[PDB]
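As written, the chain order gives the labels A, B, C, D, E, F, G, H and I, with residue 1 at the start of each chain.
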């Protein structure tokens, strides 16, 4: 009310309203799902269009050969943060000849988002990210929120009506975690998970966006006729 | 450094500071530009509440940017000096690097660009000035007349007016100026410019300034007696 | 952050006016009146000191009239402290021009630059404008004797006779009445004092409440002399014109 | 005084056919009259069917190859996984080399 | 009024309301504790299991500074991470110049001064964390608790977060019943119990226990996490005490 | 972080007033009375030593300060603002004058430099005006003895005699009656003590009154001998005993 | 009313932020006292440790700035430590630049000038503390100099600070009226500490244990704080008289 | 670059400047004009380091032309020479100085007098009845000491100048490919096409 | 007042949302993409009849293979175009090739959010960027001041946008010829324009692989206007 003019101001109950309003931009964004087994990690993203004449907004971004994310909210802020991740992944490779740990990737994003919530003039990032990766300690899935809070998970979903997919994964936890050495079945579980967040619309060929990374699988994105198999 | 965003959008999609700069232009003394077949004429109002003035040394309303281009304005006088100075420097800088004087379009585009930069730079307010830039391109006999405004938009005009009561003189020019047949001579072009100012001015004594620009850097400012002859001629024909 | 406390000194009103410039002019209208009168053979600068105290040291004082170089002087109306900042800048600018071209600065060039500085404070930087109006009296070989004025807006204009500060409306009417183009310096001296004597808010105009200066070609052959009047010299000129 | 350059020796050779191309190089690395390694490769697969070698001062050569490999990577990110053509790679390498015009990479580069 | 809208503004009381508002964010956060012992310190924290989908043991909240200092915090988790990142820089520059690892009181002031600096200007926000930290140095064991104002003191036991009063009451009993001292292995077990007892103030979601420790004898003066058999032993001890 | 206050905190109000300068002058009005009188062969400056507590040593707090060997200063208003101004005034006398010309500045020019500093606090970003009025007495070879007042605006005026602060209106009236152009220095000190007794309420002695003069050169106070041209400081602070001697024949 | 939020003048010539910083001084509810002997300067302060979980050895408002200078603060600990760290740095730098130990009164002036800047410059707030500096200066002898948020400072024969400051002040005033001298006419510092504690007991009307007080003593060439047992020994001496 | 001369007579200033531009063992050009018009009644000839000469000349030209537009007034030859001297005086203590020598020939319309200024790359200004830069002076100065008179006409000045060029063509080692001659007077600047 | 980079309670940047209102006040611009080319057309909208309409430059060349049409505060577009042109030429210098249309659009959109307390406010102008490259063929992009860009088969921006977009929805198909697309822009412009459409107050352009980006002459557009009127009367 009087305490939401900028990010530098606390409310009387100890809340940062500008950070909460940035969190609200994620809820308006299109649904995206993340899940993993022990061998692979999968991102499934429902892309959104302006109208029938427009293209469908690309949700998934590649950060390295072994890491990438899906976005929900302000797409330009996802571009800034993914570009920062690309640089940090790349710094780790050039200097240390070392693939950046997915856990460190999260720690770096957390600290970058935080600085914007404590200084006058700037603003919080208006986007949530689901980072998947395969590193030296196996498959990983992370959930980034622009408050700074990063969380490692077996599965999750963010965006509009994400609670439907998140409940499904909470039931399916024991099944999909043991889909080892089988990419297609892990994707099928992710496609079935995102389907629980659909209302009126269904998954079409140029609407669905899938990405996968794993043991002997680089981070690759599937769009168009390549995802027709999973409808 | 002072960083404040002074020029910003409002809920209805307007930049009020730019629009309020247009009000400062509307307050300013009237300026008119009329281009003929082989010339351009820049007419300017001078308010007559100021007597005991020294017209020798008082800053003239029409300023030379180079030997072939001129700039008149309406709005804040102090702001206009800053634009004129920058334009004069750019004119010489263009001669130095391109080995050719500026076109009237290029000089206008530069001045308009400066005006635009002050509508989205931190710490600054927009220029409270609209300009009429007139002249002839190098080795060219086609007359050029351009207008700029605080927002930074610019465009070419067959004839145009700016400043206080400019909507009255624009109404006059819209019916009196023929596109198919512009003022064929210098005398015809000056007369139409003086006529248009006489709709607004008050008296035709030391209130009207006229500056005629012709091809190949041929610019001259008319004196009181020379302008007074047009005023005397128009009033006698009017009584009919 | 600090946005909360920003007055926003360099913005337009809805009417298209600069708030701070208008209010700075309102400040200047309460300052002691300063008059400039330009004659054919010289210039007069006259100025009324702001409500003098009897224990003020008058002979070793400088409030209104300041020397910029040998050929140019200024009369001040407004904040003295602000004026001194601008004066020392103008003094430097004159010497930079002399150093560069080996010629004394033309009056208009000095005036324009000083006026351009004032303009800057109204368009950018977020600072308050200078609460000062100048009357510039000077001579050069191009235009001869010249009177200018500048104000907090940074706008300057040339004049034959002009007043700044208090009661300019009344003062300008009286100058407009009695001024003529073939006037001499000694006549202009008399006009300057008579105008102050009528427009003054004091009971009677005296030597101790005035600063006075002339710029004549009254030196020996084709050269300009600046005369900042002493107290006794103001006392004598006031008796000579029949005011006291 | 400190000399920032050195000569690591070796030699490289590129030949172009009708539907193929070879880039060869010996595996010996040296300083003065000593052998440093009998097998230290200096011809590298950089991706997009581009092979590269920068022979001369090995530190500068490794740095350049490393930077070009990285240039290929960022070309994919910034231009929708587009294949870097050999002619485009060549022009990109000119800018890498000329960027150090006044403190150059002491290498003869072949792609 | 309006004295609470801007940081670094004194109210007519002499108070900085923005700092007091940051304390509310700390009070909202999960419970974290610190226990000083014979030859070291023990840290513990409550991790709320929001969902089955959270990977157990893989959202680590306790952080190490240098090799000998442990830091835990309650409130805004990112603000705590920012403070630890500074702590690591301060500890690094100390060791760089002075060779020896940073002493705990020295380290405590480096954070204190940095946090206090964020109450001096309206262009910055105060920290939304209370930080419990400490370790072992040349002079022995030290436990500290730092607050949003920049205020810190040494402690025998420290607690902050939603269940701070429950934890404080339980800590006060340990200080009274063990005047000669508490051992390191005991303090780990007690830490577990106090987190389980303090969980009664946050009992909608069930939780995950995380403990760490520095001890001159048990960990050789270095900061380590409590894992495996020693962790499960402490959990079982805590489970037995609630029933 | 960083100083985001890059804008003026003193601005013109619709009436043409500079609010913060007026309010700074109000703070000077609240301040303790100080005065200055100019004689033919000297200048005197004086003020009351308002003690914050009787336990406080009023000797350690110096309201009358040496700026150069021939220039002194006294104030009314906020003491901390005065203290920093004296530090800056002393330094500017060296940097902008003595390091250039090899001699101390004349009174009028040092006053001008102090006035500049006070004007800048009226216009610069993120600062308030100084809450003091200064009285600066001094001597220099070509101007002789002189006395100046400097206000929060940065304006300065030369005075034959004046007073500032609490009871300045009454004190200025008293000085108008007693001041003439033939006053010797001792006569001016006598009048200064008479004028100051009116405004002081409590004790009136050498321990509660601070008084200094700008008079003849003091070779004894120089610290060395051998250079004939160097004859010593004209500024002298009167001792507690020296004041009490003149209070008996009052 | 934004003239109460930042350090600019109000219509009546006042700086409200400075005045509110003075009220922050008493937020800790602690009273301090300082007196001078022949050879020494003693400073005493109340020590209140409410929480049982606190380590009482780390609870202190007295600071060792340099070897010769000590400082007691009345105000919140973060601002106290801010001022202490700065004073320590200033005292060290002075010694390095000018080749001798910074005097107590010069450090007081320097910290006062810093405090003055916060009252004039807008972006910096005042520190809500009153700093009392004590030493045995090699030129001026036993010295007490005190600084506040306004940037004011002055030397003292003796002084007191805190909520019940006025009661302590008048108690000391009445003693110096009687003794007819500027100091405590006493040879050893031990008895000057006993004087300080005794007159604080009389003024405040409370008794003190060893853990209720905190004592700092300045002698020639060193300033040092007393331990709990050093104070206990001192309390026993008062009780047996 | 090499030969630049100047002669001030009664009513005009005459500037002669060599046409050759040599680099190495090749005369690249034999028709080069080593001068710029600064204003309608002020001409500046130049000689020195390659590149620097033209870069400096055009830079000065731009500044004087800018002044002329701003004030609607021509600067006096004395004023232009002082401006040029100061630019060279700054230059000499720069990281890389302009190695350019100049002659400034102008007609002062206020005094009705021709004026010739000689300024070297250090910023050393002198007003002279006749001037030269480089090795040229070693022949021409002594020649002009003898033959020059202050009251000469422009035609007498051109014959006096022909005498200098003949001497330089006889005794100079390098072929400088003749000179371009320009006259500065009350009517402005004009070029003598047949020399 | 309030911060420039502030979020609303709904999760949108105030200044970005307000700039979108400015774009709605602007003159209409329409783009249609086909397999034979991309057509760009604009409403000139002269404020007075004395204004020489040919000087109104609202369609602009970025490179030979990329064109651009604008709508809103058109003065703000000058620096965006300047950046696009530099980006396009710079890429050709570094890589000896034409730059992808998408990569150019991305480079322009990176400027969009570089504002705050960098420039003082968002841009008040939307751009239609049309082009061709070897990889993805004929493309049309809509670049907003939010920093977002969408590819479109067809798109209208400006004051008549919502009415024109609904018309484009029905009329567009994947087999449209270039000639068909030219007439369709003229048709839809004539429907949403206030004043009557002619060669002087409207301007057409296209980009083809063969001939590159070309702004049409007033003589060429006039014949397409005459061809359009005859075809509508024919049924």
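We take it that a contact is a pair of C-beta atoms (placed from the backbone, for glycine too) under 8 Å apart; a residue touches a chain by one contact, two chains touch by 3 or more.
Two chain pairs, A-C and C-F, are weighed by contacting C-beta pairs, with C-F ahead. The greatest centre-to-centre gap from chain H, using C-alpha centroids, is found for E. If each chain is reduced to the centroid of its CA atoms, chain D and chain I end up 44 Å from each other. Distance between chain centres (mean CA atoms), chain B to chain H: 41 Å. Inter-chain centre distance (chain C to chain I, centres taken as mean C-alpha positions): 57 Å. For chain B, the set of residues that touch two or more other chains comprises 2-4, 6. Residue positions of chain H in touch with at least two other chains are not found.
Those residues of chain A in touch with two or more other chains are numbered 6, 8, 119-121. Residue ranges on chain G touching chain E, taken from their complex, read 1-2, 4-6, 16-17, 20-27, 52-55, 57-59, 76-79, 81-82, 85, 123-126, 128.
Across the complex, chain E is touched by residues 2-3, 7-16, 107, 110-111, 113-115, 117-121, 147-149, 151-156, 166, 169-170, 173 of chain A. Touching chain D in their complex are the following residues of chain A: 62, 86, 90, 94.
For chain C in complex with chain A, the residues that touch the partner chain are 1-2. Across the interface of their complex, chain B is touched by residues 4, 15, 18-25, 48-52, 54-56, 73-76, 78-79, 115-124 of chain I.
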